[PDB]
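What follows is one structure encoded as structure tokens, with my remarks underneath.
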Amino acid sequence: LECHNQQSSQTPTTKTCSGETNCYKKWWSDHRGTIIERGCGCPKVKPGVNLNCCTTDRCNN
């Protein structure tokens, strides 16, 4: 499984997961705007955060 792992609006990059069967994208905002974290897996998140856990290559851009 290949997942995107770049932060926020940075140039897209991906990593090849080592076992995970999900990719994730989590985002929320602060005074500067939207912050986005991407990677392998499907982590538990703090309430109030947006989260997308998907199951296909590069599905979390």
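Just so we're on the same page: first chain in the structure tokens is A, next is B, and so on; residues restart at 1 for each chain, and ligands are numbered from 1 in the order they show up.
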| task | Show which residues sit within 9 Å of segment 9-14 of chain A, as a PyMOL selection string. Count only C-alpha atoms, and ignore same-chain residues fewer than 6 positions away. | result | chain A and resi 2-3+35-36+39+58+61
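DSSP annotation of chain A from backbone atoms: strand (DSSP E or B) residues are residues 2, 3, 4, 14, 15, 16, 23, 24, 25, 26, 27, 28, 29, 30, 33, 34, 35, 36, 37, 38, 39, 40, 50, 51, 52, 53 and 54 of chain A.
Atom CA of residue 30 of chain A to atom CA of residue 49 of chain A spans 11.5 Å [interatomic distance, one decimal].
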| query | Which value, in Å to one decimal, gives the distance between atom CA of residue 33 of chain A and atom CA of residue 20 of chain A? | reply |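 Going from atom CA of residue 33 of chain A over to atom CA of residue 20 of chain A covers 29.6 Å.
When only C-alpha atoms are used to measure the gap to residue 29 of chain A, the shortest distance among A:41, A:60, A:55, A:50 belongs to A:50.
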